[PDB]
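Quick look at query-v7.txt (compact mmCIF, C-alpha atoms):
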# COMPACT_ATOMS: atom_id res chain seq x y z
CA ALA O 1 75.96 -44.35 -7.53
CA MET O 2 75.85 -43.35 -3.82
CA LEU O 3 79.58 -42.46 -4.18
CA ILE O 4 79.15 -40.28 -7.31
CA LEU O 5 78.09 -36.95 -5.79
CA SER O 6 75.33 -34.78 -7.26
CA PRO O 7 67.77 -29.18 -13.78
CA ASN O 8 65.70 -32.22 -14.86
CA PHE O 9 63.72 -30.35 -17.49
CA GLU O 10 62.77 -33.69 -19.15
CA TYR O 11 60.77 -34.71 -16.07
CA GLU O 12 58.68 -31.48 -16.00
CA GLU O 13 55.64 -32.84 -17.90
CA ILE O 14 55.59 -36.13 -15.94
CA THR O 15 55.89 -34.18 -12.67
CA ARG O 16 52.99 -31.74 -13.41
CA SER O 17 50.97 -34.76 -14.41
CA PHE O 18 51.87 -36.56 -11.16
CA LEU O 19 50.77 -33.45 -9.17
CA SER O 20 47.53 -32.98 -11.18
CA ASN O 21 46.66 -36.69 -10.66
CA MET O 22 47.39 -36.57 -6.91
CA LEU O 23 45.02 -33.57 -6.72
CA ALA O 24 42.30 -35.19 -8.84
CA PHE O 25 42.56 -38.49 -6.96
CA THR O 26 42.53 -36.70 -3.60
CA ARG O 27 39.38 -34.73 -4.48
CA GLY O 28 37.62 -37.77 -6.00
CA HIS O 29 38.39 -39.73 -2.86
CA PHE O 30 36.73 -37.09 -0.66
CA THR O 31 33.78 -36.24 -2.93
CA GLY O 32 33.08 -39.56 -4.65
CA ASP O 33 32.93 -37.46 -7.82
CA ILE O 34 34.65 -39.44 -10.58
CA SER O 35 33.40 -37.24 -13.51
CA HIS O 36 36.61 -36.37 -15.41
CA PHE O 37 38.54 -39.51 -14.46
CA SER O 38 40.34 -41.10 -17.36
CA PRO O 39 38.75 -44.34 -18.65
CA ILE O 40 41.98 -46.20 -17.64
CA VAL O 41 41.74 -44.94 -14.04
CA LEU O 42 38.02 -45.84 -14.05
CA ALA O 43 38.95 -49.44 -15.04
CA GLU O 44 41.61 -49.70 -12.28
CA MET O 45 38.98 -48.68 -9.73
CA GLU O 46 36.68 -51.43 -11.00
CA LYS O 47 39.18 -54.19 -10.12
CA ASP O 48 40.19 -52.68 -6.75
CA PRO O 49 37.82 -50.85 -4.35
CA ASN O 50 40.77 -49.29 -2.38
CA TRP O 51 42.61 -48.21 -5.55
CA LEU O 52 41.68 -44.53 -5.33
CA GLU O 53 42.40 -43.92 -1.63
CA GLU O 54 45.63 -45.86 -2.01
CA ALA O 55 46.65 -43.87 -5.09
CA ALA O 56 45.92 -40.50 -3.51
CA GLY O 57 47.64 -41.35 -0.17
CA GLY O 58 50.58 -43.11 -1.87
CA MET O 59 51.18 -40.00 -4.03
CA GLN O 60 50.89 -37.52 -1.11
CA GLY O 61 53.33 -39.71 0.86
CA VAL O 62 55.86 -39.67 -1.94
CA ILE O 63 55.72 -35.80 -2.13
CA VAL O 64 56.18 -35.35 1.65
CA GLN O 65 58.97 -37.96 1.97
CA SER O 66 60.72 -36.43 -1.09
CA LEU O 67 60.39 -32.84 0.18
CA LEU O 68 61.43 -33.59 3.78
CA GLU O 69 64.99 -33.52 2.38
CA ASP O 70 64.43 -30.09 0.73
CA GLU O 71 66.03 -27.06 2.50
CA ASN O 72 62.99 -24.99 1.53
CA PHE O 73 60.83 -26.33 4.45
CA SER O 74 61.81 -25.97 8.16
CA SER O 75 59.23 -28.21 9.75
CA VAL O 76 57.05 -31.16 8.86
CA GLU O 77 53.99 -29.05 9.63
CA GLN O 78 55.06 -26.26 7.31
CA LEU O 79 55.47 -28.85 4.53
CA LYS O 80 52.14 -30.59 5.16
CA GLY O 81 50.47 -27.16 5.61
CA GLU O 82 51.67 -26.13 2.16
CA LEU O 83 50.48 -29.39 0.54
CA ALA O 84 47.12 -29.12 2.38
CA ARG O 85 46.83 -25.58 1.07
CA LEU O 86 47.48 -26.63 -2.55
CA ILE O 87 44.81 -29.31 -2.10
CA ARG O 88 42.30 -26.84 -0.58
CA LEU O 89 42.77 -24.38 -3.43
CA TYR O 90 42.35 -27.15 -5.94
CA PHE O 91 38.95 -28.06 -4.37
CA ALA O 92 37.87 -24.40 -4.82
CA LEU O 93 39.27 -24.41 -8.38
CA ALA O 94 37.26 -27.53 -9.29
CA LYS O 95 34.08 -25.60 -8.56
CA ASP O 96 35.24 -22.32 -10.19
CA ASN O 97 35.35 -20.62 -6.74
CA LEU O 98 38.75 -18.90 -6.79
CA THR O 99 39.36 -15.13 -7.08
CA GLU O 100 42.07 -14.05 -9.53
CA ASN O 101 44.39 -13.53 -6.50
CA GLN O 102 43.71 -17.04 -5.23
CA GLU O 103 44.36 -18.40 -8.73
CA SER O 104 47.78 -16.71 -8.56
CA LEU O 105 48.39 -18.36 -5.18
CA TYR O 106 47.29 -21.75 -6.58
CA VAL O 107 49.51 -21.59 -9.69
CA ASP O 108 52.49 -20.31 -7.69
CA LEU O 109 52.16 -23.19 -5.22
CA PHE O 110 51.63 -25.75 -7.98
CA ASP O 111 54.79 -24.45 -9.74
CA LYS O 112 56.79 -24.43 -6.45
CA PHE O 113 55.91 -28.07 -5.79
CA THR O 114 56.72 -28.89 -9.43
CA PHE O 115 60.11 -27.17 -9.22
CA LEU O 116 61.09 -28.66 -5.85
CA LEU O 117 60.10 -32.15 -6.92
CA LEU O 118 62.26 -31.76 -10.05
CA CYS O 119 65.10 -30.89 -7.69
CA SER O 120 64.54 -33.99 -5.57
CA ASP O 121 66.84 -36.88 -6.40
CA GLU O 122 64.57 -39.17 -4.38
CA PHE O 123 61.52 -38.07 -6.38
CA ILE O 124 63.45 -38.54 -9.66
CA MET O 125 64.44 -42.08 -8.47
CA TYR O 126 60.74 -42.75 -7.89
CA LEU O 127 59.69 -41.54 -11.36
CA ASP O 128 62.43 -43.63 -13.08
CA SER O 129 60.55 -46.36 -11.30
Translate this file's structure into structure tokens.
Amino acid sequence: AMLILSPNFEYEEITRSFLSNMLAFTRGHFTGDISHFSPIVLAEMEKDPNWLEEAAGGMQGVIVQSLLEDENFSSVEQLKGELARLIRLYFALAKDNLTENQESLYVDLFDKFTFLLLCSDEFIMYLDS
């Protein structure tokens, strides 16, 4: 499978969900606001007091390590800058503080990350499990 050289539409929903969770977990970690956390996620946090921080940082790490092999970024700091920007916009979005133009920027960046993760063999390996 290394020696067999290589759209992934079927992973789209799981990938948007991964991204949306990383965002929610990242914000909850910084705010302590756990208001629209799923009851299942709330129960995981009960057993383990580092669960949330570990989930958010684990998921960010997976995105960066995946996308460091994508031709679309030239430096590590461009990649992290783009992720940090998605995260920042999401914080503004959570409090209904985006202009229409910023909402465009947010959705465009969320879709770009979605698309580039679908193109990452390493990310697909990770989703498969």
Fill in the blank from the handout: Of O:68, O:21, O:105, O:48, the one sitting nearest residue 36 of chain O when using all atoms listed in the file is O:21
Practice task
Quick one: everything within 12 Å of residue 10 of chain O, counting only C-alpha atoms, minus sequence neighbours fewer than 2 positions away in the same chain. Send it as a PyMOL selection string.
Solution key: chain O and resi 7-8+12-16+118+124+127-128
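Coordinates place atom CA of residue 78 of chain O at a distance of 19.8 Å from atom CA of residue 122 of chain O.
Between residue 49 of chain O and the candidates O:65, O:22, O:29, O:83, the tightest atom-to-atom separation, counting all atoms listed in the file, involves O:29.
Taking atom CA of residue 5 of chain O and atom CA of residue 64 of chain O as the two end points, the separation is 23.2 Å.
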